[PDB]
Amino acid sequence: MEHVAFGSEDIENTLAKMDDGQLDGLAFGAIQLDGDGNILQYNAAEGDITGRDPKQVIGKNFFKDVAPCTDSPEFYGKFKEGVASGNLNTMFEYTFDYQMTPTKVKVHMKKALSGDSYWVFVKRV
């Protein structure tokens, strides 16, 4: 395992050192998005939660293509305000229900330490 707790205050500094292989050792799902919502990184734990194959969703748009259930003011709306503002740090519960059994999760969205990238972290509840 990589030992990093979900919700940790300095998580963006810790994850700045990991490559795709290290990200697969986290105890929670991790997605890195660009400012348009395209998927740059997608770890093994996220694929275990949602059924998606990580290598197949990299490059797709999360809000348009992969996760239309998140295209709502409650999820995408928060993301886009964060990108526009250049700051984002929010945690909320959500249900993922597209082409899968409805699954309740906790989501943490946080701006990355690098400029135009954003993390989405997911764990079951």
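Counting begins at 1, following the sequence as shown.
Asks: On mean C-alpha B-factor from the PDB entry, just flag whether 81-89 or 23-31 is the higher one.
Replies: Comparing averages over the C-alpha atoms only gives 81-89.
Asks: Mean C-alpha B factor from the entry: is it higher for 54-62 or for 41-49?
Replies: Looking at the recorded C-alpha B-factors, 54-62 comes out higher on average.
Asks: From the list 122, 125, 1, 5, select the residue with the highest C-alpha B factor recorded in the entry.
Replies: The listed residue with the largest C-alpha B-factor is 1.
Asks: Can you tell me whether residue 110 has a C-alpha B-factor in the lowest, middle or highest third compared with the other modelled residues of the same chain?
Replies: It falls in the middle third of the chain.
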